[PDB]
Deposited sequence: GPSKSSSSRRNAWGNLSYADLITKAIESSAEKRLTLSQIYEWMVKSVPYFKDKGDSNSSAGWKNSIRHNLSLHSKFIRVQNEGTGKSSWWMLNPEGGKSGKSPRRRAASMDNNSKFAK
């Protein structure tokens, strides 16, 4: 596929969430459900490595501790960045 970039797909996923925040697990399902090229890829390697790479690298994504036991962090858009 082409279209937008990995950093743009994560942003479009976050903007659709009511609380303006999504865990890494939630981003995976949104990509499978919203992007047709990932529709058959709901099973950790490849494009899932690229998503984690983009979240830690780009300053426009911040990591927020989750208020749920055993749950991964919240990923939201950086206000300043």
Which runs of the deposited chain sequence never show up in the coordinates? 1 to 12, 56 to 58, 97 to 118
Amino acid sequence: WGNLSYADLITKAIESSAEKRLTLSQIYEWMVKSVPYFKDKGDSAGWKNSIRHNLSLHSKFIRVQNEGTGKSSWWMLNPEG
From here on, numbers count along this sequence of modelled residues.
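Between two forms, the rigid core is defined as the largest C-alpha subset superposing within 1.5 Å.
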68 to 76 against 15 to 23 - segment lying farther from this form in 4 other deposited structures of this protein (CA RMS, rigid core fit): 68 to 76
Would you tell me which stretch averages the higher CA B-factor in the PDB entry, 64 to 72 or 16 to 24? 64 to 72
On average, are the C-alpha B-factors higher in 31 to 39 or in 45 to 53? 31 to 39
Within-chain third of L4 by Cα B-factor, per the entry: highest
